[PDB]
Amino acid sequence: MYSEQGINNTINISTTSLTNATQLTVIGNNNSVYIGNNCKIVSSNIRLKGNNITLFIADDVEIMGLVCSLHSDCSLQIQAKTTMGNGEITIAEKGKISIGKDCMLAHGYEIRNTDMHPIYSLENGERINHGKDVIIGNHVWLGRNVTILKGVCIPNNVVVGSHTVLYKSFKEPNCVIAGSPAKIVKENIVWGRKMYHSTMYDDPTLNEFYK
């Protein structure tokens, strides 16, 4: 499991959550890790290197096979009830990525606020791919092998179709987004976890989205 090299690191992993086969490494200082009850954070590899990094995983989060790299002054926030399969999250350039509550992220997700390397214009020598924060709203379903790139904001209750690559933000909630270039392909929907709930009304979790 754990491996630290530094001082004033705060690691509070709630007592009920499980972290089987997970490696957590914190190199650096004034960092904080927080995992709530009753999380399942399994077969993952999480690296914090730097200072003043924040990793916050709320209650009731299940993650399996996450590779996570966090650099100095970055923060990853994952809200309650979010489930995640295999995937990768990279944060750099002192940015932030937030993932709202009750998300379902299917295997193969790649999420990042950065390209990790600079691209400059020959026209004026300036950098033009500065990193940008990623906001993934509440009740977002990412299908298989979805890629969410820097600065993309995803509204609440959105489904992203399998193998879709997102470069830009969308504003409309309750919609499905797929294709290349990524596009709204269906409007006025709500997804759920259980095919055994036959209408949206039979899923206690959904009441809010049709209010």
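We call the rigid core the largest set of C-alpha positions that still match within 1.5 Å between the two forms. Numbers follow the displayed sequence, beginning with 1.
Structural divergence in 4 other deposited structures of this protein between 119-127 and 85-93: following superposition by the core, 119-127 has C-alpha atoms lying farther from the shown form. After a core fit, the C-alpha atoms in 4 other deposited structures of this protein lie farther on average from the shown form in one of 192-200 and 17-25, namely 192-200. As the entry records it, the average C-alpha temperature factor is higher for 67-75, out of 105-113 and 67-75. Look at the mean CA B-factor for 186-194 and for 16-24 in the entry; the higher one is 16-24. The PDB entry assigns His163 a C-alpha temperature factor belonging to the highest third of its chain's modelled residues. For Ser180, the recorded CA temperature factor ranks within the lowest third of the chain's modelled residues. Residue-level temperature factors show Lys150 in the lowest third of its chain, judged at the C-alpha atom. In the deposited entry, the Cα temperature factor of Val42 sits in the middle third of values across the chain's modelled residues. Annotation for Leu142: CA B-factor lies in the lowest third of the chain's modelled residues.
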